[PDB]
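Novice: To start, I am sharing the structure in question, which I have written as structure tokens.
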Amino acid sequence: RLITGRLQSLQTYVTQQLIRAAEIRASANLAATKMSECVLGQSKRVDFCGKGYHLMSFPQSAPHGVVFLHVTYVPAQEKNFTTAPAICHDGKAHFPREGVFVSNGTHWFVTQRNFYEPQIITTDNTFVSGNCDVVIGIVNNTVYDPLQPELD
Amino acid sequence: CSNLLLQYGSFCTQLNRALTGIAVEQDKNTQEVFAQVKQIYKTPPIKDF
Amino acid sequence: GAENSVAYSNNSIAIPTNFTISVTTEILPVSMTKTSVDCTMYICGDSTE
Amino acid sequence: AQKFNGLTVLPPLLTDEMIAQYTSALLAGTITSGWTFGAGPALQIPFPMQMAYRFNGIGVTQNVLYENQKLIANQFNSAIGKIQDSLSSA
Ligand SMILES: *[C@@H]1O[C@H](CO)[C@@H](O[C@@H]2O[C@H](CO)[C@@H](O)[C@H](O)[C@H]2NC(C)=O)[C@H](O)[C@H]1NC(C)=O
Ligand SMILES: *[C@@H]1O[C@H](CO)[C@@H](O[C@@H]2O[C@H](CO)[C@@H](O)[C@H](O)[C@H]2NC(C)=O)[C@H](O)[C@H]1NC(C)=O
Ligand SMILES: *[C@@H]1O[C@H](CO)[C@@H](O[C@@H]2O[C@H](CO)[C@@H](O)[C@H](O)[C@H]2NC(C)=O)[C@H](O)[C@H]1NC(C)=O
Ligand SMILES: *[C@@H]1O[C@H](CO)[C@@H](O)[C@H](O)[C@H]1NC(C)=O
Ligand SMILES: *[C@@H]1O[C@H](CO)[C@@H](O)[C@H](O)[C@H]1NC(C)=O
């Protein structure tokens, strides 16, 4: 009877330890993938290497574990702006290559997604496609056209 | 029956800690999926999208 | 969470003008103690029977 | 039931109402801000604008959406009607 009791205790301990081994293996695989992506490069996966736009992580040694010092990129101050998806210059609709059209109330600029860098609406950062009567919302403006003043 | 359970009280201690472990592990599962944001964003009354 | 509403419009955008570099702590356990258990010393003491 | 033999069922910490409130907050965030609310403060943005950026992420230029925005909107509504009908039929 003492034998069968001791075997029952060892069997339940072995089952518990093997379940903890499975959990530790899952956590180890997650930590290895996190190291190989966030640490050994920059990961495009959003909200995987911390809250925000991930830059890099600094791994540090831990007793029976590992920690990651992620470097994120979160915006702090934002400003409201009036935007338009296209610009009608001469019947040709201008669309931004990488930015977005914004206006401060009087004039219009094009700025990047995660930072406010106003620039003059020019040909180098815009491309034309089709006619003007194709977008439900469009506004009238002009293009700076950096070839016209230099040919004179 | 309860007098003879004291010889196996350690087995129930592992079991109650296991079931409590699953129950608290289950409560945390809903927190890791649905509670991604800490601010409730209200739906705007304008439905013109 | 905080009950707030986001002003939505078909011609309104928000472009950030400043950023803050934040560092987030995440804890992952990868290891635990390695133990070895034998029956002869645990189940039995110093008896051949 | 299954509780007469001491097999008590512990109620969940989060009920179905706040889980629905969790989803609706996420739904409002992803239609009014896109992904800015998931990586920082929420930034207001038009949905046709946001649809163009998702198109830019898959190698498609954003100029094609505004040409046929009514077609994509009708395709989205028909797809929503289709999944609602398919889920009605386990
Ligand atoms: C909106 O932006 C325009 C373009 O930068 C601003 O116009 C300029 O404002 C500066 C500030 O005094 C003047 O020195 C320039 O002469 C202006 N240029 C033109 C072409 O007008 C305008 O002031 C801004 N408006 C607001 C409300 O911020
Ligand atoms: C933007 O520009 C277009 C064309 O330059 C304007 O369309 C003209 O509108 C006037 C009166 O509104 C008509 O007499 C013309 O026949 C239109 N021309 C074309 C080519 O459509 C449009 O009105 C302008 N939008 C704003 C808000 O000023
Ligand atoms: C962006 O935010 C940072 C952080 O607050 C600003 O840096 C502070 O600027 C004020 C005034 O210029 C200083 O008194 C603080 O000492 C700065 N703090 C740090 C940590 O450098 C920065 O000025 C902001 N930029 C803009 C354009 O608003
Ligand atoms: C911009 O203005 C709108 C209303 O005009 C307001 O709801 C919004 O909060 C403003 N944005 C900021 C960043 O203050
Ligand atoms: C935005 O929506 C309002 C309300 O429906 C409408 O009056 C306005 O014309 C719309 N603007 C654009 C650019 O579609």
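Residues in the structure tokens are named by chain (A, B, ... in the order shown) and by number from 1 within that chain; ligands are numbered from 1 in the order shown.
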May I have the residues of chain D within 7 Å of chain B, counting only C-alpha atoms, written as number ranges by chain?

Specialist: D: 12-13, 19, 22-23, 25, 28-29, 47

Novice: Write the residues of the selection above to a file with N, CA, C and O atoms, as a PDB file, in the first residue's frame.

Specialist:
```pdb
ATOM      1  N   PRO D  12     -17.346  33.773 -15.043  1.00  0.00           N
ATOM      2  CA  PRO D  12     -16.188  34.488 -15.592  1.00  0.00           C
ATOM      3  C   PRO D  12     -16.054  35.887 -15.012  1.00  0.00           C
ATOM      4  O   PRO D  12     -17.024  36.519 -14.586  1.00  0.00           O
ATOM      5  N   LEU D  13     -14.807  36.362 -14.995  1.00  0.00           N
ATOM      6  CA  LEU D  13     -14.527  37.718 -14.535  1.00  0.00           C
ATOM      7  C   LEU D  13     -15.164  38.760 -15.448  1.00  0.00           C
ATOM      8  O   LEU D  13     -15.719  39.756 -14.969  1.00  0.00           O
ATOM      9  N   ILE D  19     -17.394  42.300 -22.872  1.00  0.00           N
ATOM     10  CA  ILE D  19     -16.689  41.720 -24.014  1.00  0.00           C
ATOM     11  C   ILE D  19     -17.216  42.316 -25.311  1.00  0.00           C
ATOM     12  O   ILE D  19     -16.447  42.637 -26.226  1.00  0.00           O
ATOM     13  N   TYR D  22     -15.785  45.664 -25.318  1.00  0.00           N
ATOM     14  CA  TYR D  22     -14.400  45.597 -25.778  1.00  0.00           C
ATOM     15  C   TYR D  22     -14.316  45.535 -27.298  1.00  0.00           C
ATOM     16  O   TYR D  22     -13.467  46.197 -27.906  1.00  0.00           O
ATOM     17  N   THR D  23     -15.177  44.732 -27.927  1.00  0.00           N
ATOM     18  CA  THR D  23     -15.146  44.619 -29.381  1.00  0.00           C
ATOM     19  C   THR D  23     -15.580  45.918 -30.048  1.00  0.00           C
ATOM     20  O   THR D  23     -14.931  46.379 -30.993  1.00  0.00           O
ATOM     21  N   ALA D  25     -15.462  48.982 -28.954  1.00  0.00           N
ATOM     22  CA  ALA D  25     -14.398  49.974 -28.841  1.00  0.00           C
ATOM     23  C   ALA D  25     -13.290  49.707 -29.852  1.00  0.00           C
ATOM     24  O   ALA D  25     -12.739  50.643 -30.444  1.00  0.00           O
ATOM     25  N   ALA D  28     -14.703  50.661 -33.343  1.00  0.00           N
ATOM     26  CA  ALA D  28     -14.713  52.105 -33.563  1.00  0.00           C
ATOM     27  C   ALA D  28     -13.301  52.644 -33.750  1.00  0.00           C
ATOM     28  O   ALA D  28     -13.088  53.603 -34.501  1.00  0.00           O
ATOM     29  N   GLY D  29     -12.323  52.048 -33.064  1.00  0.00           N
ATOM     30  CA  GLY D  29     -10.945  52.485 -33.223  1.00  0.00           C
ATOM     31  C   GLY D  29     -10.382  52.182 -34.599  1.00  0.00           C
ATOM     32  O   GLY D  29      -9.634  52.983 -35.164  1.00  0.00           O
ATOM     33  N   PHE D  47     -12.246  57.208 -43.620  1.00  0.00           N
ATOM     34  CA  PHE D  47     -12.194  55.807 -44.030  1.00  0.00           C
ATOM     35  C   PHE D  47     -11.775  55.594 -45.484  1.00  0.00           C
ATOM     36  O   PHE D  47     -11.008  54.645 -45.729  1.00  0.00           O
TER      37      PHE D  47
END
```

Novice: Within 7 Å of chain D, which residues of chain A show up? Give each one with its shortest atom-to-atom distance in Å (one decimal) and the two atoms involved, counting only C-alpha atoms, rows by chain then rising residue number, as CSV.

Specialist:
```
residue,atom,partner,partner_atom,distance
A:47,CA,D:39,CA,6.9
A:51,CA,D:39,CA,5.6
A:52,CA,D:39,CA,4.0
A:53,CA,D:39,CA,6.4
A:74,CA,D:40,CA,5.2
A:75,CA,D:40,CA,6.3
A:85,CA,D:49,CA,6.7
A:95,CA,D:63,CA,6.6
A:129,CA,D:63,CA,6.8
A:134,CA,D:67,CA,5.4
A:135,CA,D:66,CA,5.3
```

Novice: Please write the residues from the selection above to a file, keeping N, CA and C atoms, as a PDB file, in the first residue's frame.

Specialist:
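Output saved as result_29.pdb:
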```
ATOM      1  N   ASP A  47       2.516  45.733 -32.625  1.00  0.00           N
ATOM      2  CA  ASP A  47       2.169  45.322 -31.260  1.00  0.00           C
ATOM      3  C   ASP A  47       2.640  43.894 -30.970  1.00  0.00           C
ATOM      4  N   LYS A  51       4.214  48.016 -27.221  1.00  0.00           N
ATOM      5  CA  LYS A  51       3.190  48.964 -27.651  1.00  0.00           C
ATOM      6  C   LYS A  51       3.860  50.128 -28.370  1.00  0.00           C
ATOM      7  N   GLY A  52       3.621  50.242 -29.675  1.00  0.00           N
ATOM      8  CA  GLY A  52       4.154  51.314 -30.485  1.00  0.00           C
ATOM      9  C   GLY A  52       4.886  50.775 -31.690  1.00  0.00           C
ATOM     10  N   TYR A  53       5.539  51.680 -32.416  1.00  0.00           N
ATOM     11  CA  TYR A  53       6.317  51.320 -33.596  1.00  0.00           C
ATOM     12  C   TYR A  53       7.697  50.858 -33.142  1.00  0.00           C
ATOM     13  N   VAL A  74       6.160  56.152 -30.300  1.00  0.00           N
ATOM     14  CA  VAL A  74       4.769  56.577 -30.163  1.00  0.00           C
ATOM     15  C   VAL A  74       4.678  58.085 -30.375  1.00  0.00           C
ATOM     16  N   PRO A  75       3.652  58.572 -31.069  1.00  0.00           N
ATOM     17  CA  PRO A  75       3.470  60.021 -31.190  1.00  0.00           C
ATOM     18  C   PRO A  75       3.045  60.635 -29.867  1.00  0.00           C
ATOM     19  N   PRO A  85      -8.129  63.705 -50.690  1.00  0.00           N
ATOM     20  CA  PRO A  85      -7.395  62.587 -51.305  1.00  0.00           C
ATOM     21  C   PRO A  85      -6.752  62.924 -52.640  1.00  0.00           C
ATOM     22  N   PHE A  95      -2.090  62.611 -56.943  1.00  0.00           N
ATOM     23  CA  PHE A  95      -2.130  61.771 -55.762  1.00  0.00           C
ATOM     24  C   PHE A  95      -0.748  61.690 -55.126  1.00  0.00           C
ATOM     25  N   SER A 129      -3.176  60.466 -62.560  1.00  0.00           N
ATOM     26  CA  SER A 129      -3.863  59.251 -62.996  1.00  0.00           C
ATOM     27  C   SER A 129      -5.287  59.622 -63.386  1.00  0.00           C
ATOM     28  N   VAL A 134     -13.532  61.901 -61.172  1.00  0.00           N
ATOM     29  CA  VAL A 134     -13.557  60.499 -60.765  1.00  0.00           C
ATOM     30  C   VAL A 134     -13.602  60.308 -59.258  1.00  0.00           C
ATOM     31  N   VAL A 135     -13.171  61.277 -58.455  1.00  0.00           N
ATOM     32  CA  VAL A 135     -13.171  61.166 -57.000  1.00  0.00           C
ATOM     33  C   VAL A 135     -14.360  61.942 -56.455  1.00  0.00           C
TER      34      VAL A 135
END
```

Novice: Do you know which residues are within 10 Å of ligand 5 using only C-alpha atoms and all ligand atoms? Can you write them as a PyMOL selection string?

Specialist: (chain A and resi 83-85+135-139) or (chain B and resi 46-49) or (chain C and resi 9-12) or (chain D and resi 46)

Novice: Which of these, C:46, C:16, C:40, C:29, has the shortest distance to ligand 3 once you count only C-alpha atoms and all ligand atoms?

Specialist: C:16

Novice: Ranking D:80, D:34, D:60, D:90 by minimum distance to residue 97 (chain A) and counting only C-alpha atoms, which one comes first?

Specialist: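 Nearest to residue 97 (chain A): D:60.
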
Novice: Counting only C-alpha atoms and all ligand atoms, name the residues that have an atom within 10 Å of an atom of ligand 2; the answer should be given as a PDB file with C-alpha atoms, in the first residue's frame.

Specialist:
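The resulting file, part10.pdb, is reproduced below:
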```pdb
ATOM      1  CA  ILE A  87      -5.694  67.671 -56.154  1.00  0.00           C
ATOM      2  CA  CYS A  88      -7.325  68.934 -59.358  1.00  0.00           C
ATOM      3  CA  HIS A  89      -4.730  71.137 -61.068  1.00  0.00           C
ATOM      4  CA  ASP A  90      -5.546  71.207 -64.806  1.00  0.00           C
ATOM      5  CA  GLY A  91      -8.097  68.410 -65.063  1.00  0.00           C
ATOM      6  CA  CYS A 132     -10.620  64.960 -62.493  1.00  0.00           C
ATOM      7  CA  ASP A 133     -14.292  63.881 -62.363  1.00  0.00           C
ATOM      8  CA  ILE A 138     -11.558  66.660 -54.541  1.00  0.00           C
ATOM      9  CA  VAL A 139     -10.291  70.219 -54.082  1.00  0.00           C
ATOM     10  CA  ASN A 140      -8.796  72.753 -56.493  1.00  0.00           C
ATOM     11  CA  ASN A 141      -5.160  73.844 -56.159  1.00  0.00           C
TER      12      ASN A 141
END
```

Novice: What gap, in Å, lies between CA of residue 38 (chain A) and CA of residue 26 (chain A)?

Specialist: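 It comes out at 17.8 Å.
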
Novice: Kindly compile the residues surrounding ligand 1 within 9 Å, counting only C-alpha atoms and all ligand atoms, and format them as a list in words.

Specialist: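 Sorted by chain and then by number, the residues are residues 103, 104, 105, 106, 107, 108, 109, 118 and 120 of chain A.
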
Novice: Please identify every polymer residue within 6 Å of ligand 4, using only C-alpha atoms and all ligand atoms, and present the set as number ranges by chain.

Specialist: A: 78-80; C: 7

Novice: Kindly export the residues of the current selection with N, CA and C atoms, as a short mmCIF file (atom, residue, chain, number, x, y, z; two decimals), in the first residue's frame.

Specialist:
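Just written: result.cif:
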```cif
data_model
loop_
_atom_site.label_atom_id
_atom_site.label_comp_id
_atom_site.auth_asym_id
_atom_site.auth_seq_id
_atom_site.Cartn_x
_atom_site.Cartn_y
_atom_site.Cartn_z
N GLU A 78 -0.41 65.87 -31.50
CA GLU A 78 -1.03 65.82 -32.81
C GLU A 78 -1.86 67.08 -33.03
N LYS A 79 -2.02 67.45 -34.30
CA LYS A 79 -2.79 68.62 -34.68
C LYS A 79 -3.83 68.23 -35.72
N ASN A 80 -5.03 68.80 -35.58
CA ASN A 80 -6.11 68.51 -36.51
C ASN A 80 -5.93 69.29 -37.81
N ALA C 7 -13.42 62.49 -32.77
CA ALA C 7 -14.13 63.29 -33.76
C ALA C 7 -13.80 62.79 -35.16
#
```

Novice: So which residues are near ligand 3, meaning at most 10 Å away with only C-alpha atoms and all ligand atoms counted, given back as a ChimeraX atom specification?

Specialist: /A:75-77,116 /C:17-21

Novice: What residues in chain C have any atom no more than 6 Å from chain D when counting only C-alpha atoms, and can you write them as a list in words?

Specialist: residues 8, 10, 13 and 14 of chain C

Novice: Output the selection as a PDB file, in the first residue's frame - N, CA, C and O atoms for each residue.

Specialist:
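Written out: result-v3.pdb:
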```pdb
ATOM      1  N   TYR C   8     -14.802  62.278 -35.863  1.00  0.00           N
ATOM      2  CA  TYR C   8     -14.620  61.677 -37.177  1.00  0.00           C
ATOM      3  C   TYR C   8     -15.286  62.545 -38.233  1.00  0.00           C
ATOM      4  O   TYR C   8     -16.419  63.001 -38.044  1.00  0.00           O
ATOM      5  N   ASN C  10     -15.145  63.278 -42.860  1.00  0.00           N
ATOM      6  CA  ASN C  10     -14.655  62.846 -44.162  1.00  0.00           C
ATOM      7  C   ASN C  10     -13.528  63.715 -44.701  1.00  0.00           C
ATOM      8  O   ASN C  10     -12.903  63.338 -45.698  1.00  0.00           O
ATOM      9  N   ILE C  13      -8.114  65.106 -40.668  1.00  0.00           N
ATOM     10  CA  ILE C  13      -6.998  64.208 -40.412  1.00  0.00           C
ATOM     11  C   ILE C  13      -6.179  64.765 -39.254  1.00  0.00           C
ATOM     12  O   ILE C  13      -6.250  65.951 -38.923  1.00  0.00           O
ATOM     13  N   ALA C  14      -5.412  63.880 -38.619  1.00  0.00           N
ATOM     14  CA  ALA C  14      -4.526  64.242 -37.517  1.00  0.00           C
ATOM     15  C   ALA C  14      -3.120  63.765 -37.856  1.00  0.00           C
ATOM     16  O   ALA C  14      -2.875  62.557 -37.951  1.00  0.00           O
TER      17      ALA C  14
END
```

Novice: Could you list, as a PyMOL selection string, the residues of chain C having an atom within 6 Å of chain B when counting only C-alpha atoms?

Specialist: chain C and resi 1-5

Novice: For a test of reading the model, state the distance in Å between CA of residue 82 (chain A) and CA of residue 15 (chain C), rounded to one decimal.

Specialist: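 Going from CA of residue 82 (chain A) over to CA of residue 15 (chain C) covers 10.2 Å.
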
Novice: For the strand (DSSP E or B) assignment from backbone DSSP, which residues of chain C qualify? Please present them as a ChimeraX atom specification.

Specialist: /C:2-5,13-28

Novice: Please, could you write that set of residues out with C-alpha atoms as a short mmCIF file (atom, residue, chain, number, x, y, z; two decimals), in the first residue's frame?

Specialist:
```
data_model
loop_
_atom_site.label_atom_id
_atom_site.label_comp_id
_atom_site.auth_asym_id
_atom_site.auth_seq_id
_atom_site.Cartn_x
_atom_site.Cartn_y
_atom_site.Cartn_z
CA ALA C 2 -11.47 56.10 -20.21
CA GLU C 3 -14.72 56.88 -22.05
CA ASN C 4 -13.72 59.25 -24.86
CA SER C 5 -15.03 60.02 -28.34
CA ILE C 13 -7.00 64.21 -40.41
CA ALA C 14 -4.53 64.24 -37.52
CA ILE C 15 -0.81 64.42 -38.34
CA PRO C 16 1.53 64.16 -35.32
CA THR C 17 4.15 66.86 -34.87
CA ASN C 18 6.22 65.36 -32.03
CA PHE C 19 7.29 61.96 -30.72
CA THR C 20 8.50 60.38 -27.49
CA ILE C 21 10.92 57.44 -27.39
CA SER C 22 9.48 54.95 -24.90
CA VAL C 23 10.91 51.67 -23.59
CA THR C 24 8.61 48.77 -22.72
CA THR C 25 9.52 45.96 -20.31
CA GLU C 26 8.50 42.40 -21.17
CA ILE C 27 9.26 39.33 -19.05
CA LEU C 28 9.68 35.88 -20.62
#
```

Novice: Chain B residues within 12 Å of chain A, counting only C-alpha atoms: which ones, as a PyMOL selection string?

Specialist: chain B and resi 7-12+14-15+17-18+36-38

Novice: Based on the selection just made, write N, CA, C and O atoms of those residues as a PDB file, in the first residue's frame.

Specialist:
```pdb
ATOM      1  N   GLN B   7      -4.891  11.110   4.968  1.00  0.00           N
ATOM      2  CA  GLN B   7      -3.761  10.421   4.358  1.00  0.00           C
ATOM      3  C   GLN B   7      -3.538  10.854   2.916  1.00  0.00           C
ATOM      4  O   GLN B   7      -2.455  10.618   2.370  1.00  0.00           O
ATOM      5  N   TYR B   8      -4.538  11.477   2.289  1.00  0.00           N
ATOM      6  CA  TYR B   8      -4.433  11.956   0.915  1.00  0.00           C
ATOM      7  C   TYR B   8      -4.759  13.443   0.827  1.00  0.00           C
ATOM      8  O   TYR B   8      -5.247  13.917  -0.203  1.00  0.00           O
ATOM      9  N   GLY B   9      -4.500  14.190   1.902  1.00  0.00           N
ATOM     10  CA  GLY B   9      -4.753  15.620   1.880  1.00  0.00           C
ATOM     11  C   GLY B   9      -3.798  16.385   0.987  1.00  0.00           C
ATOM     12  O   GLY B   9      -4.139  17.462   0.488  1.00  0.00           O
ATOM     13  N   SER B  10      -2.593  15.850   0.779  1.00  0.00           N
ATOM     14  CA  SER B  10      -1.647  16.484  -0.133  1.00  0.00           C
ATOM     15  C   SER B  10      -2.112  16.365  -1.577  1.00  0.00           C
ATOM     16  O   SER B  10      -1.860  17.258  -2.396  1.00  0.00           O
ATOM     17  N   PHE B  11      -2.778  15.256  -1.913  1.00  0.00           N
ATOM     18  CA  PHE B  11      -3.295  15.076  -3.265  1.00  0.00           C
ATOM     19  C   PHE B  11      -4.375  16.102  -3.581  1.00  0.00           C
ATOM     20  O   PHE B  11      -4.439  16.627  -4.700  1.00  0.00           O
ATOM     21  N   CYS B  12      -5.241  16.393  -2.608  1.00  0.00           N
ATOM     22  CA  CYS B  12      -6.270  17.407  -2.804  1.00  0.00           C
ATOM     23  C   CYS B  12      -5.675  18.809  -2.833  1.00  0.00           C
ATOM     24  O   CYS B  12      -6.229  19.705  -3.482  1.00  0.00           O
ATOM     25  N   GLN B  14      -2.726  19.598  -4.165  1.00  0.00           N
ATOM     26  CA  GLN B  14      -2.281  19.747  -5.547  1.00  0.00           C
ATOM     27  C   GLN B  14      -3.462  19.996  -6.474  1.00  0.00           C
ATOM     28  O   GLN B  14      -3.370  20.790  -7.416  1.00  0.00           O
ATOM     29  N   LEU B  15      -4.580  19.317  -6.216  1.00  0.00           N
ATOM     30  CA  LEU B  15      -5.737  19.402  -7.099  1.00  0.00           C
ATOM     31  C   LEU B  15      -6.418  20.760  -7.001  1.00  0.00           C
ATOM     32  O   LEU B  15      -6.760  21.366  -8.024  1.00  0.00           O
ATOM     33  N   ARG B  17      -5.093  23.559  -5.963  1.00  0.00           N
ATOM     34  CA  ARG B  17      -4.192  24.546  -6.547  1.00  0.00           C
ATOM     35  C   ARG B  17      -4.171  24.442  -8.068  1.00  0.00           C
ATOM     36  O   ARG B  17      -3.963  25.445  -8.760  1.00  0.00           O
ATOM     37  N   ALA B  18      -4.379  23.237  -8.605  1.00  0.00           N
ATOM     38  CA  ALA B  18      -4.448  23.078 -10.054  1.00  0.00           C
ATOM     39  C   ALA B  18      -5.714  23.706 -10.624  1.00  0.00           C
ATOM     40  O   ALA B  18      -5.652  24.444 -11.613  1.00  0.00           O
ATOM     41  N   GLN B  36      -6.901  44.903 -25.399  1.00  0.00           N
ATOM     42  CA  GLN B  36      -5.703  45.420 -26.052  1.00  0.00           C
ATOM     43  C   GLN B  36      -5.552  46.923 -25.860  1.00  0.00           C
ATOM     44  O   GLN B  36      -4.423  47.421 -25.776  1.00  0.00           O
ATOM     45  N   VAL B  37      -6.661  47.653 -25.792  1.00  0.00           N
ATOM     46  CA  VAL B  37      -6.643  49.097 -25.602  1.00  0.00           C
ATOM     47  C   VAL B  37      -7.282  49.422 -24.260  1.00  0.00           C
ATOM     48  O   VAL B  37      -8.166  48.706 -23.777  1.00  0.00           O
ATOM     49  N   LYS B  38      -6.819  50.512 -23.651  1.00  0.00           N
ATOM     50  CA  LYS B  38      -7.310  50.955 -22.354  1.00  0.00           C
ATOM     51  C   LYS B  38      -8.252  52.148 -22.457  1.00  0.00           C
ATOM     52  O   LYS B  38      -8.529  52.794 -21.441  1.00  0.00           O
TER      53      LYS B  38
END
```

Novice: For CA of residue 48 (chain A) and CA of residue 73 (chain A), determine how far apart the two atoms are, in Å to one decimal place.

Specialist: 13.2 Å

Novice: Among chain B, which ones does DSSP place in helix (DSSP H, G or I), written as a PyMOL selection string?

Specialist: chain B and resi 3-33

Novice: Please dump the current selection as a CSV table (one decimal), in the first residue's frame; keep N, CA and C atoms.

Specialist:
```csv
chain,number,residue,atom,x,y,z
B,3,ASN,N,-12.0,11.3,7.9
B,3,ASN,CA,-10.8,10.9,8.7
B,3,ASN,C,-9.8,10.2,7.8
B,4,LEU,N,-10.2,9.4,6.9
B,4,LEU,CA,-9.3,8.7,6.0
B,4,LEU,C,-8.8,9.6,4.8
B,5,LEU,N,-9.3,10.8,4.6
B,5,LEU,CA,-8.9,11.7,3.6
B,5,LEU,C,-7.6,12.4,4.1
B,6,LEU,N,-7.3,12.4,5.4
B,6,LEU,CA,-6.1,13.1,5.8
B,6,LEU,C,-4.8,12.4,5.3
B,7,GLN,N,-4.9,11.1,5.0
B,7,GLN,CA,-3.8,10.4,4.4
B,7,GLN,C,-3.5,10.9,2.9
B,8,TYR,N,-4.5,11.5,2.3
B,8,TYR,CA,-4.4,12.0,0.9
B,8,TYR,C,-4.8,13.4,0.8
B,9,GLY,N,-4.5,14.2,1.9
B,9,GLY,CA,-4.8,15.6,1.9
B,9,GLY,C,-3.8,16.4,1.0
B,10,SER,N,-2.6,15.8,0.8
B,10,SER,CA,-1.6,16.5,-0.1
B,10,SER,C,-2.1,16.4,-1.6
B,11,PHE,N,-2.8,15.3,-1.9
B,11,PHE,CA,-3.3,15.1,-3.3
B,11,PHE,C,-4.4,16.1,-3.6
B,12,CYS,N,-5.2,16.4,-2.6
B,12,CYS,CA,-6.3,17.4,-2.8
B,12,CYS,C,-5.7,18.8,-2.8
B,13,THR,N,-4.6,19.0,-2.1
B,13,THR,CA,-3.9,20.3,-2.1
B,13,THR,C,-3.3,20.6,-3.5
B,14,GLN,N,-2.7,19.6,-4.2
B,14,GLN,CA,-2.3,19.7,-5.5
B,14,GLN,C,-3.5,20.0,-6.5
B,15,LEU,N,-4.6,19.3,-6.2
B,15,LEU,CA,-5.7,19.4,-7.1
B,15,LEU,C,-6.4,20.8,-7.0
B,16,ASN,N,-6.6,21.2,-5.8
B,16,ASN,CA,-7.3,22.5,-5.6
B,16,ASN,C,-6.4,23.7,-6.1
B,17,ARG,N,-5.1,23.6,-6.0
B,17,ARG,CA,-4.2,24.5,-6.5
B,17,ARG,C,-4.2,24.4,-8.1
B,18,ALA,N,-4.4,23.2,-8.6
B,18,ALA,CA,-4.4,23.1,-10.1
B,18,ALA,C,-5.7,23.7,-10.6
B,19,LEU,N,-6.9,23.4,-10.0
B,19,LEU,CA,-8.1,24.0,-10.5
B,19,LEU,C,-8.2,25.5,-10.3
B,20,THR,N,-7.7,26.0,-9.2
B,20,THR,CA,-7.5,27.4,-9.0
B,20,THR,C,-6.5,28.0,-10.1
B,21,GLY,N,-5.5,27.3,-10.4
B,21,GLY,CA,-4.6,27.7,-11.4
B,21,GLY,C,-5.2,27.8,-12.8
B,22,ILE,N,-6.1,26.8,-13.1
B,22,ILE,CA,-6.8,26.9,-14.4
B,22,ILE,C,-7.8,28.0,-14.4
B,23,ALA,N,-8.5,28.2,-13.3
B,23,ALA,CA,-9.5,29.3,-13.3
B,23,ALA,C,-8.9,30.7,-13.4
B,24,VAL,N,-7.8,30.9,-12.8
B,24,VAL,CA,-7.1,32.2,-12.9
B,24,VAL,C,-6.4,32.3,-14.2
B,25,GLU,N,-6.0,31.2,-14.8
B,25,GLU,CA,-5.4,31.2,-16.1
B,25,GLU,C,-6.4,31.5,-17.2
B,26,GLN,N,-7.7,31.1,-16.9
B,26,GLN,CA,-8.8,31.3,-17.8
B,26,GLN,C,-9.2,32.8,-17.8
B,27,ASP,N,-9.2,33.4,-16.6
B,27,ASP,CA,-9.6,34.8,-16.5
B,27,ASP,C,-8.6,35.7,-17.2
B,28,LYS,N,-7.3,35.3,-17.2
B,28,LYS,CA,-6.3,36.1,-17.8
B,28,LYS,C,-6.3,36.0,-19.4
B,29,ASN,N,-6.9,34.9,-19.9
B,29,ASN,CA,-7.0,34.7,-21.3
B,29,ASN,C,-7.8,35.7,-22.0
B,30,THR,N,-9.0,36.1,-21.4
B,30,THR,CA,-9.8,37.1,-21.9
B,30,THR,C,-9.2,38.5,-21.9
B,31,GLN,N,-8.3,38.7,-20.9
B,31,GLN,CA,-7.7,40.0,-20.8
B,31,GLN,C,-6.6,40.2,-21.8
B,32,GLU,N,-6.0,39.1,-22.3
B,32,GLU,CA,-4.9,39.2,-23.3
B,32,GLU,C,-5.3,39.4,-24.7
B,33,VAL,N,-6.6,39.2,-25.0
B,33,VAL,CA,-7.2,39.3,-26.3
B,33,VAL,C,-8.1,40.5,-26.5
```

Novice: Pick the closest to chain A from C:37, C:30, C:44, C:6: which is it, counting only C-alpha atoms?

Specialist: C:30
